[PDB]
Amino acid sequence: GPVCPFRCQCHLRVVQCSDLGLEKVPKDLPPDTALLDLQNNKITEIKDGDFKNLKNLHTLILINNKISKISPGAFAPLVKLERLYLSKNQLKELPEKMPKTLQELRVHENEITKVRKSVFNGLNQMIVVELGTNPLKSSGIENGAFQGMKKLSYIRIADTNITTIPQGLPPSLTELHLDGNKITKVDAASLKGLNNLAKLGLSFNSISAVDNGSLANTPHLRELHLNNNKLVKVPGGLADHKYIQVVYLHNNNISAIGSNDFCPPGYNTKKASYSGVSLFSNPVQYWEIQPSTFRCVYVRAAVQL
């Protein structure tokens, strides 16, 4: 029957095989296994029949191995897989034919250079994708690459080499994290249709300009992080926007702030109250800003200068 690899721990539907220097995926594991942890081993590839009889596996952890090659439909048998963690490996591209039940994919710190729309089509359960720390470029991501995922709620591409915000992002998105890349500008086209986006993380990039109408394309944005960039003015549209509440702009090159940069002409009862605004580490000093500039901020501690 089922065998437990020497040194591994097989207890209650869990197969713990971490830190053992394994050179390949062990076979003959208990059929009812629900979580297989192969973290920190020395696996180089996932052959076509590495996961047979693991119909009940919902979590697969392959973090910190040496995987550089994965056979198509290698995860085909994992008909109940919900989490696939492949972070800290040597993947050049994302694997094809991932279980349709997949809810989360993490490929942080690999060698991904290209992202095709083909790899994601059909994945209607995906809610979270993390692609940070990869030598990926904007040209490497196809327009509409994440389009095929009807339920995608969170996407994070951080510490890569992308220079623009990917185009054709799934409208179901509520959080878009692109911190620590090489983005130089925010264009309204890339944010078109993001009706449910609530959080936008663009900190630690090289953004110098934010096109007019960008923020309007994310009508319900609540949190906007643009700190540690190269802005020379507060992005436009904040005064008209009705849902924005947190705007971090510290560590930029803003030297002036108009009286209508955050708040509309007088008082708009329809515009939500700012709960946080950061402006420290910018050329502008508190003494160069009319007090009225923050009239629509009643919580004094909300602004940091």
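Quick note: we count residues from 1 along the sequence shown, nothing fancier.
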Inset, instruction - Check the entry's C-alpha temperature factors for 206-214 and 103-111, then say which stretch has the higher mean. - result: 206-214
Legend entry - 256-264 versus 37-45 - greater average Cα B-factor per the deposited record: 256-264
Legend entry - Out of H241, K270, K66, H250, residue topping the C-alpha B-factor column of the entry: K270
Legend entry - Candidate residues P72, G180, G201, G132, the one whose C-alpha B factor the record puts highest: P72
Legend entry - Chain-wide C-alpha B factor ranking for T160, given as lowest, middle or highest third: lowest
Legend entry - Third assignment of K97 from its chain's C-alpha B-factors: highest
Inset, instruction - Could you look up the Cα B-factor of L91 in the entry and say which third of the chain it sits in: lowest, middle or highest? - result: middle
Legend entry - Modelled-residue ranking by C-alpha temperature factor, third containing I141: highest
Inset, instruction - Determine, from the deposited record, the chain-internal third of the Cα B-factor for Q9: lowest, middle or highest. - result: middle
